[PDB]
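# Survey of secondary and tertiary structure
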Amino acid sequence: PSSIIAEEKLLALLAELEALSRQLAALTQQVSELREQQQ
Amino acid sequence: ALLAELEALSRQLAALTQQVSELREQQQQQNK
Amino acid sequence: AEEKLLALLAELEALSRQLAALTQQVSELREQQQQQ
Amino acid sequence: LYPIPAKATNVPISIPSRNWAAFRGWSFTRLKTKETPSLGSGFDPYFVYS
Amino acid sequence: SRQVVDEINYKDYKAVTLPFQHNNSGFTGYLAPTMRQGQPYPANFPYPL
């Protein structure tokens, strides 16, 4: 039944959504830490 | 160099509203 | 299930460009801290 | 009453064609599904809150 | 309204999660209403605004 695979790739999409939120929280911190270090 | 820093920020901070729109629309697409 | 890959592929390449920007940009600290 | 699935952020609704004579306006608010019964059913076997 | 610590844009912000937060250590139960535990020590958790 299609639900197992539709669940698999919506789980894949939320895992890659949660990847970009976790990892954009890193770059924002970094570019701000460098802006502070140059300030 | 400070002025090329504000220029790098003008790119890199125009990513945040983009990632927010993406992380918004990627939560519209989970339900019907 | 096709279009869900077309998202994930753009998502993984966006992660690659973003990680490239991070791992490049931190090397300006490594220069400026050596210059101080 | 219209449903809103968990984590949704948008609720589009429509009325197909209607006469609007003496319509007074819209009033609205948001409820949890758990915190309200269905009725017209003489009993609600899923109304588990109190 | 409230003010809160800037998480970006503050070179010393660290993300201390609940089990690692302390204030009134020695004088409270650890994560519970149970009897007091620990030692007196400088509190770490809420940054001063």
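### Things to note about the overall build of chain A
When you go through chain A residue by residue, the secondary structure sums to one helix and zero strands. On chain A, roughly 2300 Å² of surface is accessible, and the fraction owed to carbon and sulfur atoms is 55%.

### Remarks on the pattern of salt bridges
Residue and element names in this part refer to chain B. In the structure shown here, the tally under the stated rule is five salt bridges over all chains. Among the ionic pairs, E7 bridges to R11, the shortest N-O distance being 2.8 Å. Residue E7 and its partner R11 are located together in helix α1 (residues 2-12), separated by four residues, close to a single helical turn. Note on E7: relative accessible area 38%, which makes it partly exposed.

### A few points about the interface of chain C and chain A
Reports often express the size of an interface as the amount of accessible area lost when the parts come together. Residue-level contacts link 16 residues of chain C with 15 residues of chain A. Of the roughly 1600 Å² buried between chain C and chain A on both sides combined, carbon and sulfur atoms contribute 70%. Run the count over chain C and chain A and you get zero salt bridges. Taken together, chain C and chain A are joined by three residue pairs in polar contact. Across the side of chain C that touches chain A, the residue classes tally to nine nonpolar, four polar and three charged.

### A word on the packing of helix α1 (residues 3-38) of chain A against helix α2 (residues 16-28) of chain B
Between α1(A) and α2(B), the shortest axis-to-axis distance is 11 Å and the interhelical angle comes to 165°. For the element pair α1(A) / α2(B), the angle class is roughly antiparallel. For α1(A) against α2(B), the interelement crossing comes out left-handed. Of α2(B), the residues touching α1(A) (which contributes A:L17, A:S21, A:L24 and A:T28) are B:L16, B:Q19, B:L23, B:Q26 and B:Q27. Looking at the contact of α1(A) with α2(B), its residues break down into four nonpolar, five polar and no charged.

### Details of the side chain of A:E36
When you line up the elements, A:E36 lands in helix α1. Only 3.4 Å separates the side chain of A:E36 from the backbone nitrogen of E:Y10, close enough to count as a polar contact. Ignoring sequence-local partners within four residues, the contact set of A:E36 consists of E:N9, E:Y10 and E:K11.

### Quick look at the UniProt feature "coiled-coil region" (unreviewed entry) in chain A
Annotation from UniProt places "coiled-coil region" (unreviewed entry) at residues 10-37 of chain A. Measuring from the first to the last C-alpha atom of residues 10-37 of chain A gives 40 Å, for a span that is 100% helix and 0% strand.

### Concerning the packing of aromatic side chains
All names here are of chain D. Scanning the model with the defined rule gives five aromatic pairs over all chains in all. Consider the rings of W20 and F23, whose centres lie 5.3 Å apart with planes at 75°: the pair is edge-to-face. Exposure remark for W20: the relative accessible area of 44% places this residue in the partly exposed category. According to the relative accessible area criterion, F23 is partly exposed, its value standing at 38%. When the ring of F23 is compared with that of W26, the centres are 4.9 Å apart and the planes differ by 75°; the resulting orientation is edge-to-face. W26 sits in the exposed class, given a relative accessible area of 71%. Chaining the aromatic ring pairs together yields one cluster made of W20, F23 and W26.

Parameters at a glance
- Residues numbered from 1 in each chain as written, not as in the entry; some residues may be left out.
- Chains lettered and ligands numbered in written order.
- Part of a larger assembly, values for the part shown.
- Heavy atoms only, no water.
- Helix = DSSP H or I, 4+ residues; strand = E, 2+ residues; numbered from the N terminus.
- Areas by Shrake-Rupley, 256 points an atom, 1.4 Å probe, with all protein chains shown as cover.
- Salt bridge = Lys/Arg side-chain N within 4 Å of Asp/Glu carboxyl O.
- Buried < 20%, exposed > 50% of the residue type's maximum accessible area, 1.4 Å probe, protein only.
- Contact = heavy atoms within 4.5 Å.
- Buried area = accessible area lost by both parts, 1.4 Å probe.
- Polar contact = N/O pair within 3.5 Å; in protein donor to acceptor, adjacent residues only side chain to side chain.
- Nonpolar A, V, L, I, M, F, W, Y, C, P; charged D, E, K, R; others polar.
- Axes fitted to C-alpha atoms, helices over the stretch in contact; angles between N-to-C directions.
- Parallel < 35°, antiparallel > 145°, perpendicular 65-115°, else oblique.
- Left-handed = near helix turned anticlockwise from the far one by under 90°.
- UniProt positions renumbered as here; feature names shortened; annotations may be inferred.
- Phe/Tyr/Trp six-rings, centres within 6.5 Å; stacked < 30°, edge-to-face > 60°.

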